[PDB]
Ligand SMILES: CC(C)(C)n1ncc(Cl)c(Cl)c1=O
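Below sits a lone chain in structure tokens, taken as the form solved without the named molecule.
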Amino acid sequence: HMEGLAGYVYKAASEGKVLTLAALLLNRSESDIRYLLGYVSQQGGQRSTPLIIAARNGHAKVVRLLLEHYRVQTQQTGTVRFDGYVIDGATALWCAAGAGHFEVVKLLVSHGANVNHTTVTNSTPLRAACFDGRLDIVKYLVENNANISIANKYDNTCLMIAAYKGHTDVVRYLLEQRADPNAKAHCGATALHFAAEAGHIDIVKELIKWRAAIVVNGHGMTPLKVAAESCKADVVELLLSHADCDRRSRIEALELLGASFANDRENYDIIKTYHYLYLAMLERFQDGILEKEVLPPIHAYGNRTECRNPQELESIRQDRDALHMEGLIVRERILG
């Protein structure tokens, strides 16, 4: 059928050949043009229309022709491919936003594109831009009345995803536009919880400057202890210079922070494994005191047992091997 002629209009659109597109559409009845420009084309794992592919591929030159003259409906959705993950429900705007195609975004929403249509995971074009941290498209959409509040399937908001990937400038912009830094995901994670795991220290300070609230990971820990278990030490101390827990919860972070300098081989430093573990014990006998029930030796980590006295952990300051597994068991008593 004219299914072959659709392949040609898709090919010209995907590769940005304005000259080819116009010559292909020039002498066509309106019935046929709506078929040609609305044809869902199977190319790889992408179900697309000429406009969606033209936008995903950043051929603004081609996108202009279709929206101005041939007046193509901007609400068309398809299933497109971004890197290695297939996304279904993607509109020309969402493809143009995720792929960071500056001009194409500005052209579609200027010609009336619904900036708040969502994929099946309910990622807005703004979220795509927040994931990749393209500041110009994040600024553009919000001042074009995009909804910073609409979040993904798992309540993971643009502010949360901007923090995990660490787009400091984008994160502060949304905070200024008064995005809620206390939203919670299906995980329970706050935007802070996320920035803590990835140690985006400047983002952590930005969120606090914008009256962010400390709340337990609804399904686990505090943002402090996710910093500790993630071993991001500078972050761990930042948060320990804001309202903490006297000795109690505060020392629990230090214990786990020093325990995380031990257990992961990537950033393993037994010197700071001891450094934090010892200072935790210091903050446990100050004035008054507060001890630890330790677990049996557990035939596994040899027969090492967790230290109960400062002098005890002092002894091991010469032994790498023992301090390393002292950390492995420190960690295992809080997590397990």
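Don't overthink the numbering: it's just position in the shown sequence, from 1. Only the largest set of C-alpha atoms that superpose within 1.5 Å between the two forms is called the rigid core.
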Do the Cα atoms of 257-265 or those of 185-193 sit farther, on average, from the shown form in 7 other deposited structures of this protein after fitting on the core?
257-265
Comparing 156-164 to 237-245 by root mean square Cα deviation from the shown form in 7 other deposited structures of this protein, core aligned, the larger deviation is found at 237-245
For the neighbouring pair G288 and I289, the stretch of deposited sequence with no coordinates amounts to 1 to 3
Comparing 263-271 with 58-66, the one whose average Cα B-factor in the PDB entry is higher:
263-271
Per the entry, where is the mean C-alpha temperature factor higher: 92-100 or 243-251?
243-251
One of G112, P223, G84, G133 has the largest Cα B-factor in the entry, namely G84
For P125, the third of its chain by CA B-factor is the lowest
Once the chain's modelled residues are ordered by C-alpha B factor and cut into thirds, is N145 in the lowest, middle or highest one?
middle
Using the B-factors in the PDB entry, rank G199's C-alpha atom against the chain and give the third, lowest, middle or highest.
lowest
So where's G218 on the chain's Cα temperature factor ranking, which third?
highest
Based on the deposited C-alpha B factors for this chain, I'd like to know if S315 is in the lowest, middle or highest third.
highest
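Just so it is clear, the following notes concern the form deposited with the named molecule bound, a form of the same protein that is not shown.
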Exactly one of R178, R248, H219, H242 comes within 4.5 Å of the named molecule in the entry with it bound through a heavy atom, and that residue is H219
Under a 4.5 angstroms heavy atom criterion, identify the one residue in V142, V215, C187, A183 near the named molecule in the entry with it bound.
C187
The named molecule contact in the entry with it bound: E197, any heavy atom under 4.5 Å:
yes
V226 versus the named molecule, in the entry with it bound: is there a non-hydrogen atom within 4.5 Å?
yes
Using a 4.5 Å heavy atom cut-off, indicate which stretch of 68-76, 202-210, 234-242, 189-197 touches the named molecule in the entry with it bound.
189-197
